[PDB]
């Protein structure tokens, strides 16, 4: 029924992943990682929060391979899975900014996310009605990406029917890349930390340009050049593959953004 809920609503949550203790430990490792790349500066600091954290940081590598997440995603997308990107979405204490309703798919340049992709939104902290959580628009995914603070989907969203994504630390939400969502400001004294993972099957293909992804279930990488797991935090081989993979991805992003 998990797949049925996902396909009907365009999302499904909560699904269990990390324990509270694993969530807190992961958050500590994430914070340690952020400080470290900030001190190194350069390209790691610039791309600290996206799009390939899992290729250089052991804590991110561990989560995207977590069996509970992979099992949940497999029940939605099938047994052949790849990690296409990772994102840190952090809303610090008393951050007054808001994000308009929008869909993740707009600038990803992917073909086949309609049936063969899902974003896993892992709560490293609790998500509450007041700490800047995401809201979903149920059923807003059924026509794929739509035309678009950030830019906003050109459609009227019923705010009263929107669904606050409320999670215990360690739980996650899974939503369609065409799910319309918005996020409010964090009104609390504690930062809100979420780790987002884009899972795809080999039936997803880039609209244009060379692309890469990390095989996590199955043996088929489709059109994607294969990536590798980091042997250790900031291992030089991982850094070199990171530079290559991020450069490849940002070329794609730059290209789709140009075709607005």
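Numbering follows the first chain given and starts at 1.
Coordinates are given for every residue of the deposited sequence from residue 138 through residue 139, so that no gap is recorded there.
Of the two segments, 122 to 130 and 153 to 161, the one listed with the higher mean B-factor is 153 to 161 (C-alpha atoms only). Here 181 to 189 and 94 to 102 are compared by their mean Cα B-factor, and 94 to 102 comes out higher.
Of the residues listed, 167, 88, 142, 174, the entry assigns the biggest Cα temperature factor to 142.
Looking only at 61, 231, 211, 198, the residue with the top Cα B factor in the deposited structure is 231. In this PDB entry, the Cα temperature factor of residue 84 sits in the bottom third of its chain's modelled residues, the lowest group.
Residue 250: CA B factor in the lowest third of modelled residues in this chain (values from the PDB entry). For residue 21, the recorded CA temperature factor ranks within the middle third of the chain's modelled residues.
For residue 222, the recorded CA B-factor ranks within the middle third of the chain. Only modelled residues enter the ranking. When the modelled residues of the chain are ordered by their C-alpha B factor, residue 146 lands in the highest third.
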